[PDB]
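Inside the fold
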Amino acid sequence: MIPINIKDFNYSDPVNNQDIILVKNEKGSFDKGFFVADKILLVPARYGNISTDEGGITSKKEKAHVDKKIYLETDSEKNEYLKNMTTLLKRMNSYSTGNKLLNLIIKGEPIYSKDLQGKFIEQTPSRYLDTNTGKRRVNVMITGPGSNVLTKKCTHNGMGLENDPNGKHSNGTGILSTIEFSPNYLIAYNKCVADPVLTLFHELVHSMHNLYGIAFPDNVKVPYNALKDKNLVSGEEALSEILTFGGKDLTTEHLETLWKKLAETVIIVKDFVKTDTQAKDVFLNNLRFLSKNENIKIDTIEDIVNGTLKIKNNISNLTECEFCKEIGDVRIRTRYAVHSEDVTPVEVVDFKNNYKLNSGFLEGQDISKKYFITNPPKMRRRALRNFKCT
Amino acid sequence: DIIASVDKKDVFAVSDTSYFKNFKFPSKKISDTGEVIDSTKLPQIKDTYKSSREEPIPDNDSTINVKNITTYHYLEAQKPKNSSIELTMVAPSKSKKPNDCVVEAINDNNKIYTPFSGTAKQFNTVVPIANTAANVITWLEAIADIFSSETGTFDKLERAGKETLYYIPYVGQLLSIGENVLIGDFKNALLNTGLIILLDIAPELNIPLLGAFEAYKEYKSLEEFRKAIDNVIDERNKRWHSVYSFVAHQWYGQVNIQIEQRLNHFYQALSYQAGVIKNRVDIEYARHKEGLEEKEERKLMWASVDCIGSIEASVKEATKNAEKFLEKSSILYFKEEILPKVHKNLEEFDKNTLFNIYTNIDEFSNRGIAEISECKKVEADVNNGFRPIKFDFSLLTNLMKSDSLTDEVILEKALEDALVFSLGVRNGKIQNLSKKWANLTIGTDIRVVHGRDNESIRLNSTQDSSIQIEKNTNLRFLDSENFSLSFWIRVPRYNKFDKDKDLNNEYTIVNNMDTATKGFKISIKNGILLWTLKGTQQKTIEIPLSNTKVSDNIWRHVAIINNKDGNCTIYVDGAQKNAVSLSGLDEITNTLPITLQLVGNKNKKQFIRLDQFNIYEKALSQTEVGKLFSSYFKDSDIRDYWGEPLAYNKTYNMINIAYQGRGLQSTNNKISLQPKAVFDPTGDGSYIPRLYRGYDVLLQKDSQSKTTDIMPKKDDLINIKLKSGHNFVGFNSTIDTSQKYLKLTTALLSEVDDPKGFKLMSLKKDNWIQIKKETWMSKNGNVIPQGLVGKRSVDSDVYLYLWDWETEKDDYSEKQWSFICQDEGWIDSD
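Structure determination for this PDB entry is given in the record as cryo-EM, at a resolution of 3.2 Å.

Here's what the structure looks like:
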């Protein structure tokens with residue numbers, strides 16, 4: 001509903017240092033970054049440290065692994081990736097829940113950091129990512145996949161040091177998140193491929209939680225111990241991303257249970273900010289954006305609690321399954337990580353033609369349609385446990 | 001030395017218990033706003049960086065040594081290593097145990113183990129001869145026939161005091177589930193050993209609720225304590241759900257993952273047998289492609305296709321049996337070995353909360369009481385609010401492929417498909433329980449309170465207690481088409497306050513128009529509710545919430561159903577009340593979101609409640625609404641005066657049907673009815689009977705009643721005990737003909753022989769409890785026949801008499817009762 005614009009770019013467009021930038025990466029080179037939406041940075045370059053070896057055995061956590069060096073190495077492929085990503089963001093922007101997620105992701109702002117001297121500093125790694133012309137205002141970064149082409153996860157620079165819910169992404173301090181997403185590679189769940197718009201919405205909800213400092217800690221996950229021993233792990237149940245998912249998966253600390261802390265997180269950050277005015281204003285605006293059209297007050301405890309309740313009610317209906325329910329057309333998997341179910345990575349031959357702005361996969365999401373490469377070029381078959389004795 | 005190479009996924013997985021052990025449920029001190037937050041002890045903010053990225057852990061194929069043969073060897077022995085005619089199947093028999101047959105199948109490339117001893121004879125023992133096309137079809141049809149019969153078996157299994165579960169006999173000899181020397185050794189292994197056999201790894205779970213609740217002592221106002229103690233009710237209500245999801249999650253991690261592994265092995269093991277048999281048929285077809293007299297490769301070749309089709313059909317149904325056996329058995333493990341553990345702890349916690357609240361009441365009585373009645377007003381909200389919450393088994397079921405009987409709720413396909421929006425409470429949160437989507441904006445002030453089955457939304461009078469439903473693409477049909485609204489609304493009785501603070505002000509309940517804009521409106525006028533339509537001309541239809549069309553605080557299923565532009569019929573119950581013609585109007589087109597708010601009410605003490613606010617695409621027929629209304633009620637539930645189900649340790653006094661307004665009093669030595677006291681509801685020359693009369697009495701599950709359910713049932717006979725003291729409604733040990741109620745209050749000294757066990761139950765299901773007592777061997781040697789409780793009048797004084805009654809053909813009318821529990825919509829005063 002809210003009028004925002006995302007601008008389509010081309011990798012052939014030149015760097016004007018205004019909307020198209022160069023991002024300094026871990027390798028020390030520079031990747032042509034694009035601002036598809038205000039404070040939303042998108043780079044068609046893959047994540048750092050691409051594996052030199054293809055095939056073999058997947059890691060003990062994930063089930064489906066695909067690797068490809070040649071993926072996203074030519075400017076034509078980077079252009080294709082950029083157009084696919086712009087199309088996905090525009091499609092998600094068309095719907096009301098996607099529009100609410102994009103309003104916050106863009107209008108959000110991490111609160112300023114306190115130096116050793118005690119005064120607040122504006123230019124911080126929490127809000128800026130170094131480029132060749134100095135730093136720049138970023139809220140979320142979208143990249144290509146890592147070594148694992150299938151991977152789709154949201155990572156940041158702020159995490160709980162003592163494996164406890166007090167990380168930079170959980171204590172109300174903002175942080176910017178980097179997302180490694182690939183439109184061209186999809187995991188199929190029970191003979192149907194996931195719609196990439198839903199997975200991108202999942203990752204952006206995680207990014208928004210990280211941005212406002214209200215995220216469920218990612219230091220919480222339940223490992224699965226095959227035959228119940230520590231050394232043998234067949235997979236892990238990351239509560240952090242399940243909760244973001246809708247569906248029917250069973251989790252103890254729900255998202256509605258989450259944000260009870262917000263009352264106390266808001267009190268803590270208000271105490272931490274009280275010294276400065278500008279820092280206070282950002283936090284108050286941040287809070288106004290979290291609780292839709294409020295013009296909040298946080299002077300007393302009762303107003304704080306009312307505001308926290310307003311926020312919970314506002315951003316409780318931003319989930320994968322809720323987005324699907326808004327779409328109606330797209331079919332979503334029931335649970336999230338069925339430990340025992342088989343998954344078939346499918347690649348998309350022609351994303352530009354086979355996927356549209358209005359309704360992608362015009363032949364549906366069945367593995368046997370939209371010429372979906374049942375299994376993609378490379379694989380890494382799962383670890384094979386052998387049982388032997390008399 | 002047998003080998004068994006299995007996928008990393010397909011090994012049995014059990015969640016680590018470290019996360020769940022560290023999870024704790026702490027004691028809380030609820031305040032006006034909620035839990036007390038003290039910034040003094042709140043942690044200081046740290047702002048150090050740490051990258052979220054965890055490097056993937058390198059993995060490789062590993063070897064595991066197991067002393068005894070495991071299920072994996074039973075699965076490795078059935079995959080066909082050879083794909084030729086030389087392949088033979090091995091089945092267990094008297095010659096060698098199935099644990100011995102598996103090792104002969106692993107070490108050999110040409111043998112497949114198979115628990116089915118029958119289809120082995122047609123495959124291994126019997127081999128076809130490529131001579132004539134007649135004999136092969138007899139062979140080809142037979143191997144499909146016996147396989148279908150062998151894999152399609154579904155034997156009922158029964159246990160003492162537990163739900164009977166249907167099981168598959170051959171799973172024991174298919175996945176090494178247990179000591180399976182005989183095919184039938186699986187059944188007796190399921191009995192006398194439990195459903196632990198289905199799980200490879202014995203699960204370990206947790207006992208929460210190490211803490212209780214309380215109310216803060218820093219209240220300064222009459223309204224502060226009322227708002228504070230209301231928060232304690234909600235906080236306890238939510239914790240009754242959080243523990244349920246915490247325990248349900250623990251069950252999924254520790255039990256249902258193993259079951260999905262066991263069920264997934266059934267997908268594989270049967271597919272191995274289906275593969276080899278289907279492979280044999282293909283080579284059988286090719287093996288008979290020589291010596292053709294023609295028409296034998298067109299006719300009796302489709303039979304080969306028929307054999308192929310029959311094998312897959314049997315396996316598809318056999319998998320359905322596996323889902324109905326194993327996957328149902330997972331819930332039966334939960335209902336027996338997990339749910340009793342958590343229910344005991346929660347009740348123990350809830351008792352501790354009651355002590356704290358009552359202690360807080362005594363302090364509130366000392367300082368700043370209003371002296372309303374015995375210096376305690378909110379005790380009505382406490383017993384009413386502290387109702388046990390049944391486990392919503394829709395949590396487990398949604399995870400499960402089989403259409404389990406645990407659903408046990410059937411709705412009309414036409415009616416269910418016509419549903420568009422269904423507001424309601426699900427696991428203690430407002431949800432849109434429809435399959436469609438609607439933009440619902442839950443207000444801050446809205447609180448969930450106990451209702452008919454699940455909690456009910458309380459539209460309080462406060463400004464921020466509104467629900468907003470946007471008119472999206474799905475809800476655009478309310479413009480020029482038929483639509484039906486259904487909802488359970490409990491409007492509190494027309495009070496003196498309601499009729500004094502306003503006289504003729506008609507304030508909205510559900511608003512969908514603005515001034516000079518079209519829309520539909522639900523409003524209350526001078527204590528009567530009515531449906532409003534704005535079109536070409538505004539049309540207002542009254543709705544009777546009771547006799548004389550005045551609010552009675554009774555749970556009612558108002559259903560403004562018909563908007564077919566021919567008629568507007570309304571069903572306050574299963575029966576139509578009022579109708580109108582809509583020829584005048586043509587459309588209701590508005591962009592204004594559907595609002596549930598009380599706007600314009602002068603009284604600020606009015607609670608309007610809603611439970612299932614539904615919208616339907618069709619103008620439901622008179623037949624449908626009867627089915628819709630009757631769907632809510634079950635033939636097994638018992639409800640109090642207002643339609644809420646009975647609850648143990650809820651204080652409610654009972655009055656008769658014929659003798660309205662007369663409570664229970666103790667005469668010389670019996671139970672009698674006090675003289676009727678009739679009061680003025682509104683204060684204008686009209687008098688109606690009082691409700692809160694007689695003994696304040698509760699009811700508790702009897703010692704002899706095994707059923708471990710939390711709420712009473714049309715069964716589960718329950719002793720009736722006075723709240724005031726250890727007093728039990730019962731009979732004397734020595735009764736001949738004067739079957740009056742001793743109301744002894746004695747079960748201690750020489751009076752243990754008191755028949756205080758009653759069976760409350762409601763035939764017509766209209767909040768009318770009919771207390772049935774079964775025939776018992778009365779002391780002194782007399783046999784007293786079964787019958788309900790009625791009234792018998794001696795002199796000027798009535799009496800509670802046990803009149804004879806056998807079954808429904810007798811006249812149970814005028815022998816019923818209504819249980820009335822306080823509530824803040826019905827005040828019994830001047």
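Moving on from the model shown.
**Quick look at the overall build of chain B**
Secondary structure assignment for chain B yields 15 helices and 35 strands. Overall, the C-alpha framework of chain B stretches about 105 × 80 × 70 Å when taken along its three principal axes. With 830 residues in all, chain B has 54% of them scored as buried. Taking the contacts inside chain B whose residues are at least 6 apart along the sequence as the reference set, 69% of them involve residues at least 24 apart. Carbon together with sulfur atoms contributes 50% to the accessible area of chain B, which is approximately 36300 Å² in total. For chain B, the distance from the average position of its 108 positive side-chain charges to the average position of its 115 negative side-chain charges is 3 Å.

**What about the overall build of chain A?**
Helix and strand counts for chain A come out as nine helices and 14 strands. Taking 390 residues into account, the globule formula puts the C-alpha radius of gyration at 21 Å, and chain A, at 21 Å, falls close to it. Overall size of chain A, expressed as C-alpha extent along the three principal axes, is 65 × 60 × 40 Å. Looking at chain A residue by residue over its 390 residues, the buried ones come to 60%. The long-range share in chain A, meaning contacts at least 24 apart out of those at least 6 apart in sequence, stands at 71%. As displayed, chain A has an accessible area near 15100 Å², and 51% of this comes from carbon and sulfur atoms.

**Some thoughts on the sheet that holds strand β28 (residues 697–701) of chain B**
Residues and elements named next belong to chain B. Taking strand neighbours across the sheet as the criterion, the three strands line up as β28-β29-β30 in an open arrangement whose pairing is antiparallel. The open sheet terminates on both sides in strands that have one partner only, identified here as β28 and β30 (727–729). Taken over all neighbouring pairs, the strand axes of this sheet differ in orientation by 40° on average, direction set aside. Bridging between β28 and strand β29 (residues 718–722) involves five bridges; their strand directions are antiparallel. Within β29, the position partnered with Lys-701 by the bridge is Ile-718.

**Overview of the pattern of salt bridges**
For the coordinates displayed, the defined rule picks out 51 salt bridges over all chains. We note a salt bridge from A:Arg382 to B:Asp7, for which the minimum N-O separation is 3.3 Å. Taken together, the residues A:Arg382 in the loop between β13 (372–373) and β14 (384–387) and B:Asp7 in strand β1 (residues 5–7) connect one chain to another. Between B:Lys759 and B:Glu774 there is a salt bridge; the shortest N-O distance is 3.5 Å. Of this pair, B:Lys759 sits in strand β31 (residues 759–761) while B:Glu774 sits in the loop between β32 (770–773) and β33 (787–794), placing them 15 residues apart in sequence. When its relative accessible area of 14% is taken as the criterion, B:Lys759 is described as buried.

**Side note on the domain arrangement of chain A**
Residues and elements named next belong to chain A. Under the domain assignment used here, chain A contains domain 1 (20–254 + 335–373) and domain 2 (256–315). For domain 1 and domain 2, the distance between their C-alpha centroids amounts to 27 Å. At the junction of the two partners, domain 1 supplies 18 residues and domain 2 supplies 18 residues. Buried surface at the junction of domain 1 and domain 2, both sides included, amounts to about 1800 Å², of which 68% is carbon and sulfur. A per-residue breakdown of the area domain 1 buries against domain 2 is headed by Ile-111, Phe-120 and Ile-214, which together make up 30% of the total.

**Quick notes on helix α2 (residues 96–107) of chain A**
All names here are of chain A. Over its 12 residues, α2 runs 16 Å from end to end, which matches the ideal 16 Å to within 8%, given 1.5 Å per residue. Among the 12 residues that make up α2, nine are buried, leaving the element largely enclosed by the rest of the structure. When α2 is considered as a whole, its buried residues turn out to be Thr-97, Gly-98, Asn-99, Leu-101, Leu-102, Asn-103, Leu-104, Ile-105 and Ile-106.

**Brief notes about the domain arrangement of chain B**
All names here are of chain B. Along its sequence, chain B is organised into domain 1 (9–35 + 128–407), domain 2 (409–632) and domain 3 (633–830). The C-alpha-based centres of domain 1 and domain 2 are spaced at 37 Å. Facing the 15 residues of domain 1 at the interface are 11 residues of domain 2. There are two salt bridges connecting domain 1 and domain 2.

**Topic: the pairing of strand β6 (residues 140–143) of chain A**
Residues and elements named next belong to chain A. The alternating pattern of β6 places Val-140 and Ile-142 and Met-141 and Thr-143 on opposite faces, both of which are buried. With four bridges connecting them, β6 and strand β8 (residues 177–180) associate as parallel partners. Along β8, the bridge assignment pairs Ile-142 with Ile-179.

**A few points about the interface of chain B and chain A**
On the chain A side, the residues contacting the 77 residues of chain B number 86 residues. Interface area for chain B against chain A, summed over the two sides, is near 7700 Å², with a carbon-plus-sulfur share of 56%. Three residues, B:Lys8, B:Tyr49 and B:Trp437, lead the burial of chain B against chain A; their summed loss comes to 11% of the area buried on that side. Inspection of the region where chain B meets chain A yields five salt bridges.

**Some points on the sheet that holds strand β34 (residues 797–802) of chain B**
Residues and elements named next belong to chain B. One open sheet accounts for four strands, arranged β31-β32-β33-β34; its pairing is antiparallel. In this open sheet, the two strands that pair with only one neighbour each are β31 and β34. Strand after strand, the sheet turns through a mean of 45° between neighbouring axes, direction not considered. Strand direction decides the pairing type here: β32 and β33, joined by two bridges, are antiparallel.

**Digging into the packing of aromatic side chains**
Residue and element names in this part refer to chain B. This structure, assessed with the given rule, holds 53 aromatic pairs over all chains. Each ring, one from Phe-629 and one from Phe-633, has its centre 5.2 Å from the other, and the planes form 50°; the classification is tilted. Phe-629 gets classed as buried once you look at its relative accessible area, which sits at 18%. Through a chain of ring-to-ring contacts, the aromatic side chains of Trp-240, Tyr-244, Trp-251, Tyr-252, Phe-334, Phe-391 and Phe-393 assemble into a single cluster. Note that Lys-335 overlies the ring of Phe-393, its terminal NZ or CZ placed 4.2 Å from the centroid. Residue placement shows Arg-792 over the ring face of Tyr-801; its charged tip is 3.9 Å from the ring centre.

**Structural notes on helix α3 (residues 196–212) of chain A**
With 17 residues, α3(A) extends 24 Å between its outermost C-alpha atoms, agreeing within 8% with the 24 Å of an ideal straight helix rising 1.5 Å per residue. For α3(A), the tally of buried residues reaches 17 of 17 residues, placing the bulk of the element in the interior.

**Some points on the side chain of B:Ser329**
In this fold, B:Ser329 is placed in helix α9 (residues 302–337). Dropping the residues within four chain positions of it, B:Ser329 is found in contact with B:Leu195 and B:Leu198.

**Re the packing of helix α5 (residues 262–273) of chain A against helix α6 (residues 277–290) of chain A**
Residues and elements named next belong to chain A. In the contact formed by α5 and α6, the axes pass within 9 Å of each other and the chain directions differ by 155°. Judged on the interaxial angle alone, α6 and α5 are roughly antiparallel. In this structure, α5 crosses over α6, and the sense of that crossing is left-handed. Listed contacts from α6 to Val-266, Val-269, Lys-270 and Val-273 of α5 are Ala-279, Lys-280, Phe-283 and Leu-287. In the contact of α5 with α6, the residues fall into six nonpolar, no polar and two charged.

**As for unusual backbone geometry**
Residue and element names in this part refer to chain A. Backbone geometry places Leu-72, a non-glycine residue, at a positive phi of 55°. Turning to its location among the elements, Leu-72 is positioned in the loop between β3 (40–42) and α1 (75–94). Despite not being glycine, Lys-191 has its phi angle at roughly 60°, a positive value. As for its placement among the helices and strands, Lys-191 is situated in the loop between β9 (185–189) and α3.

The rules behind these values
- Residues numbered from 1 in each chain as written, not as in the entry; some residues may be left out.
- Chains lettered and ligands numbered in written order.
- Heavy atoms only, no water.
- Helix = DSSP H or I, 4+ residues; strand = E, 2+ residues; numbered from the N terminus.
- Buried < 20%, exposed > 50% of the residue type's maximum accessible area, 1.4 Å probe, protein only.
- Contact = heavy atoms within 4.5 Å.
- Areas by Shrake-Rupley, 256 points an atom, 1.4 Å probe, with all protein chains shown as cover.
- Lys, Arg positive; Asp, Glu negative; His and termini not counted.
- Charge placed at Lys NZ, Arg CZ, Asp CG, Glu CD.
- Rg over C-alpha atoms; globule rule 2.2 N^0.38 Å.
- Pairing = 2+ DSSP bridges.
- Axes fitted to C-alpha atoms, helices over the stretch in contact; angles between N-to-C directions.
- Salt bridge = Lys/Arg side-chain N within 4 Å of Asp/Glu carboxyl O.
- Domains from an automatic or database assignment.
- Buried area = accessible area lost by both parts, 1.4 Å probe.
- Expected span 1.5 Å × (residues − 1).
- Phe/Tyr/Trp six-rings, centres within 6.5 Å; stacked < 30°, edge-to-face > 60°.
- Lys NZ or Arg CZ within 6 Å of the ring centre and 35° of its normal.
- Parallel < 35°, antiparallel > 145°, perpendicular 65-115°, else oblique.
- Left-handed = near helix turned anticlockwise from the far one by under 90°.
- Nonpolar A, V, L, I, M, F, W, Y, C, P; charged D, E, K, R; others polar.

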